[PDB]
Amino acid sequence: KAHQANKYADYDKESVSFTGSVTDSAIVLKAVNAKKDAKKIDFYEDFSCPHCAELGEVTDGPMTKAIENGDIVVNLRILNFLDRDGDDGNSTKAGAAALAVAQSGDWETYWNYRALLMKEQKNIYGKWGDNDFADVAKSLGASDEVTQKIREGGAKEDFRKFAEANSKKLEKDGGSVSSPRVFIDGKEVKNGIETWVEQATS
């Protein structure tokens, strides 16, 4: 049964040449031949955070270029703090759906899926359930395996473990839990956040 759109629906899909891994509670985006001296970014976001969507609109493009150039390695450290101490609200559903895609290693689907969930955040929030997240993943190119995993919440337990580790890391490095937050080699970008990618690439 179809939950979002229909089985013919085509979504816009940006081409990206980077790859990724799921390491140390982060979804890591990196060039195939990233420089050993690339700057390490810790980028904290939550899928229910409106200002994370707003920052992404400004910096996703340049971030992608800098990643594809081998100048930065981005650790996407996804949080679920906006679910207000719950473990299965919109931030968890979206974050764990996106994690399931990243776990499969399909980076072009992952990237476009993340972008969509942020862009449509206001229409998704409180209205979509797990089968909606899954239908959309499938439409964007996720495998049958990934899609069924999303329907069953297969990546939720690990997503929650990652989210807790990431909020503890953010508390340790940055005092309190909020989003978006960006660090360049352990140093937080507090000022001129819209230009963090320039700041990272010198």
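All residue numbers refer to positions in the sequence shown, first residue = 1.
Taking the mean of the C-alpha B-factors per stretch from the entry, tell me the winner out of 70-78 and 90-98. Higher mean C-alpha B-factor: 70-78.
On mean Cα temperature factor in this entry, is 130-138 or 52-60 the higher one? Per the PDB entry, the higher value belongs to 52-60.
Against its chain's modelled residues, does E120's Cα B factor rank lowest, middle or highest third? Its C-alpha B-factor belongs to the lowest third of this chain's values.
Hey, what third does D46 fall into on Cα B-factor, ranked over its chain? Lowest third - that is where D46 ends up once the chain's C-alpha B-factors are sorted.
Consider only the C-alpha atoms of the modelled residues in this chain, order them by B-factor as the entry records it, and name the third containing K190: lowest, middle or highest. Its C-alpha B-factor belongs to the middle third of this chain's values.
Check where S167 lands among this chain's C-alpha B-factors and tell me if it's the lowest, middle or highest third. Middle third.
If you rank every modelled residue in this chain by C-alpha B factor, which third holds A31: lowest, middle or highest? It falls in the middle third of the chain.
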